[PDB]
Amino acid sequence: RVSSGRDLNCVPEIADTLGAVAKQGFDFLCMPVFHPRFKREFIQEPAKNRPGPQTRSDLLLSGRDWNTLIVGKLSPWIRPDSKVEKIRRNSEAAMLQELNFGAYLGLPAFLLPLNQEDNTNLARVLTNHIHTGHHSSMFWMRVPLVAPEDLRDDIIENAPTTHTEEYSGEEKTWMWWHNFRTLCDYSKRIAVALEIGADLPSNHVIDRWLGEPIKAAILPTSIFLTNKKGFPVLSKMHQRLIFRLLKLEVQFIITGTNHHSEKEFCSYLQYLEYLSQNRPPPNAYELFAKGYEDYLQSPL
Amino acid sequence: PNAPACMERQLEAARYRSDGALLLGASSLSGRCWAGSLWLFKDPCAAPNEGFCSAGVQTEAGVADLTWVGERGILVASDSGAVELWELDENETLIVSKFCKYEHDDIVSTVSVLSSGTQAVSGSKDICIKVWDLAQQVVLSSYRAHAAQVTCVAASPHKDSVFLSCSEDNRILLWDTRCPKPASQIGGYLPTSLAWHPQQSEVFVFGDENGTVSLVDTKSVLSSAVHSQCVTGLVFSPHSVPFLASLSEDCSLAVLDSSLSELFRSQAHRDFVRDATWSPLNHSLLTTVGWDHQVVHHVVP
Amino acid sequence: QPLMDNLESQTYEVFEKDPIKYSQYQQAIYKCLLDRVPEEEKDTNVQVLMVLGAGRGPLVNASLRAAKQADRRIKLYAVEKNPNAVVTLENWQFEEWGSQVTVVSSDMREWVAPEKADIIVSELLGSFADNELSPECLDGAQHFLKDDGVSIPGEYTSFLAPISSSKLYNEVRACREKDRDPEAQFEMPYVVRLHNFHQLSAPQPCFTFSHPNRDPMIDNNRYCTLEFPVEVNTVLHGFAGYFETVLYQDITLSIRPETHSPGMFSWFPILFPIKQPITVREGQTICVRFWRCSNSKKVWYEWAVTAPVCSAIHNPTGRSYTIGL
Amino acid sequence: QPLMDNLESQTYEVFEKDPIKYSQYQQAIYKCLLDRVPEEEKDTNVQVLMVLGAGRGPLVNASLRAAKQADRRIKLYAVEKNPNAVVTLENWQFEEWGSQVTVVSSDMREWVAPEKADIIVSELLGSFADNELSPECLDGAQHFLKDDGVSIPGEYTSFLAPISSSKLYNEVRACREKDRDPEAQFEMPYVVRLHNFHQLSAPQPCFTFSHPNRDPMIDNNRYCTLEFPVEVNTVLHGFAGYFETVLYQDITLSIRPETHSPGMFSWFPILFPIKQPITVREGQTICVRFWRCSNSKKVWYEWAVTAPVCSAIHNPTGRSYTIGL
Ligand SMILES: CSC[C@H]1O[C@@H](n2cnc3c(N)ncnc32)[C@H](O)[C@@H]1O
Ligand SMILES: CSC[C@H]1O[C@@H](n2cnc3c(N)ncnc32)[C@H](O)[C@@H]1O
């Protein structure tokens, strides 16, 4: 059985949203804790003095539900590495605010994107939240296998996509991650949420992630092919990647809208259960070793 | 009048129709419920008072942007990932949903009707730009030209294959769908707003995240530090020689001339200025909406 | 440490789950409104009530229930410095309370109040009464209380008792951490539901604070000597700490075992350990000294046993434990 | 840390033993008095001078020598928070200075000044310019400066340079102490007369402060990225820190090696170490990030190398080193 989550960026009513998601068979919901478009000002009047509540109430869910069913998401307007000083400062204050609300809610995990090369100040703000107060939330860094710049359609007449091999360049998002966790001092609380695209990179790029703390794999509905009966399926190569991820016992995250509209949403989940049930059974050694994976012991 | 009992605090959009009726779009960006609403005021002075609207309707999610589709249609950019078409009933007393298509994988941020008025273009946080056939209610083409969130899309006033896009990947793209490679890169600080010049076919203006407004010619740049923060919108006046309204997150409104020089300034808004619309009846009257729930009617000198 | 730290949602949920406590504050507010506003003035006289450290709103609701039962007019201010709790209060204000309640997102020591208060209501008390810094907070809020203004609580007192417990002594011993002084675990108090222990002498009052604080050039620092008669042979491992508070007149709350408020579980006793166990013979007196110290940044306790034998002074200068201001 | 700590008599004696420094401040005051008071007003116009952090009195004497040479009338206030230095100033005031000098025993951020100043004179600068908290102190004193008032110094800037030194790296390594994080010695700056080292790239400006601070809602926090071109093969062990200050107009003080004030020894360079040495090939760029952080109690620096390889962020949240406010 797979542990799965639903990634949503639009949650009109939490209780209605969680219920719908859980009926579909998901174990958790990744959602914004402040409205993703609700940009807040911290320095300049009059906007810094904006009234009313800044977000929805913690009273909307039981404490058990916040602790178990909700993965917080950082607002997409928060840019701590912006080239604009005012944007950097508002982002720092907004990032601390969102992280602190997450810690207030007792969220098991919180998603932060690694979507560019320089994340120095995002790492400084996270490292500072980690050393402030008493909390133990996991931080899941959302990082793509292939950078959006490297998978764009070759449709810009005067800015063509490079057809030549860039061995180290195709591994760039691993370096985004490596630099981020080096800055943060290998904190046990910082993990990878690996995002999977329609076109898989070459093997060496995938193998770069071997030995990395992958806690989740993000599967967009758009990467799924359609079978004879209209159900979402994966290419033999994506299936190969899923089998490796299931061995690591990652939590799967389904992102985007239903692109298999004629069929129900849980079909994406059903396909993952199918792959999970259709993997090789554990041999005598594998059944014995269960629970000992990466568990350090003193030699007898 | 069959409309919701109360409209949401965060006014996102304001657009006058050729007769002078005012279209409003709102979202609740805080509190328990994060939904939205579409409103029509045949009496714009009554706005935003719900008990004095001509028609009003509640949407499932927030209104990130909207546009008129002729005189009766209302195209909506939804937080849900949907692009929705709504239409005023034959009595203009009810806003009825025509289509709700979930084609985008994240918030639909920007929406624009092409010159023919038969097709539209959407932009999203999912990094894609889509071309819609409004009568068939389908996506004709989907484009992943960008490497980050699509901030703004603006259809050419007069060319049905031409549009602009700008994004957090620092690209401004000029599109011509007749081309095998439809996008072309034009050309700093991130581009946040776009407006084609109403008279000069090859001229457009763009706003940036640092408060700068720029004048750009395709065939061939003029620039001014208009705002202290992000330029949210740019709307040219309906005059023979247009005036240019700029709105920002600095909570101000500036009305500029052909040389980008400031003629008018308003600090009426207590929160972010979201949309501006020039009156089709009184060319000196400009209406702005903001997150402070104010509908301000400005008299421009 | 609700002043230094922002309390989590589930911590506030625990506080709120104590009905006895809130019915006591409601009773104290009810009595105070009746003594401040005569029947003839009930429609004219609006009392300005200020909840200082409102949390998620139980004291705001207790004040509103109190005004309804007293049939007196109130104007409420809900002051909270934790912006995460402010979200809860602001959602309550829009949905339930309305204009009657003004939510203020601020530290009570910094807040420029628009008008003076008739009553200030707070629950800034710890297990040792003043260990959460209620004296410093309420001294900072005092200038916005009217000359005839009332503070609920009006008074609080801490109590100490010598205890024997080789079980708890070992529990403190096991709190040795790396990158700190190897004995720092003994120089800090612990909140603990004391179970396997022996109370060696009856609890005696340690420190008292009164609000409003009348005396000019106020000093929250203190030095107390306590002499505990011991009737048994034993081993001293530390001091159990409790408190009592006067909300208003005869309405009180207590965690002192002999006067414990029935059914109230908001506070467990505190434990001030000692580094070395001390032998006590029957008929001997245990003499303990406690200091409440501070600077502009921190508050802390220092303590020592001076009879039957001396201990070292524990936590000198807050080197192992401080309470953030 | 002269703000947090009271400097000893012999520490002040060391400062005073630098004639170049005081003749520079005297020259800056002399020039300022001549620009502020025209010849015709020399008998009518008395300038209110305030020495903020007067120590044992060298800036008071430099101000008096400056007024005598400019032939302008001055009214001096000598502000000092260290009461041990106040004894020296008060003995000087009774014996030498007289009524002309008013000694004030107070923190400049708390002092209720009886009148506004024409000129505020201070020497609150450390080896990294702002590391002794001159920005916070002078921001707190600003309200008592006249609208056209002058601050001496008027500006200061810190500089950084990558350095190689296996000798200093080992010296930091040997600073491991018990009862603290085993790597805390690498997350704190040191004042050091750097001798056996290699400067890897020319010093570049890091942080700048201007006084009076004109901008509303002042922020002393900062984030700087510096790119250092490297022409040699080497090993990076840390960053040498220096400063420059504009006392008045063209009158300056500098410890930046290329512009060093001749004969001035009041400040040695600062050293920001890194935990792990970093290999640098010729032609590579060293990229360093520095933050100046704070809360209401403390100020600190955080730093990291992001090229040719990443280091961990050093001193996150001031966990190893803070500057007391
Ligand atoms: C019910 S526990 C005490 C409550 O008072 C709040 N609090 C403590 N000290 C202050 C203060 N100085 N100003 C405002 N609220 C305070 C805390 O954040 C908490 O919600
Ligand atoms: C010459 S070193 C700096 C001098 O200024 C003093 N000082 C530093 N900060 C302050 C302050 N905030 N108020 C008054 N004196 C200060 C120190 O005690 C020292 O004598």
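Throughout, a chain's letter reflects where its sequence line sits, starting with A, and its residues are numbered from 1. Note: hydrogens, waters and symmetry copies are ignored here, and every other heavy atom, side chains too, is used.
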- Before giving the answer on salt bridge (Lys or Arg N to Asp or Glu O under 4.0 Å), spell out for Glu13(C) and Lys17(C) the whole-Å C-alpha distance, their side-chain angles and the decisive distance to 0.1 Å. CA-CA 6 Å; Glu13(C) 183 183 61; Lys17(C) 246 218 64 56; over 6 Å; no
- Message: Show, in sequence, the C-alpha distance, side-chain angles and deciding distance for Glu136(C) and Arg292(C), and conclude whether the salt bridge (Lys or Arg N to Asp or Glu O under 4.0 Å) test is met.
- Response: CA-CA 12 Å; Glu136(C) 293 70 16; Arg292(C) 187 183 193 268; 2.7 Å; yes
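In the model, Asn128(A) has a side-chain atom that pairs as donor or acceptor with a side-chain atom of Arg124(A) under 3.5 Å.
Contact annotation for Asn84(C): both backbone and side-chain heavy atoms come within less than 4.5 Å of a heavy atom of chain A. Of the atoms belonging to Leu7(C), it is backbone heavy atoms, and not side-chain ones, that fall under 4.5 Å from chain A. Neither the backbone nor the side chain of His135(A) comes within contact range of chain C, judged by heavy atoms closer than 4.5 Å.
Interface remark: of the candidates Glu95(C), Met4(C), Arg56(C), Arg56(C) forms the most heavy-atom pairs closer than 4.5 Å to chain A. If you tally non-hydrogen atom pairs under 4.5 Å between each of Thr55(A), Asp58(A), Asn100(A) and chain C, the highest count goes to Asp58(A).
Judged by distance alone, the side chain of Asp18(C) and the main-chain N or O of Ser266(C) form a donor-acceptor pair under 3.5 Å.
Using a 4.0 Å cut-off between a side-chain N of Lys or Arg and a carboxylate O of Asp or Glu, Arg180(C) and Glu187(C) do not qualify as a salt bridge.
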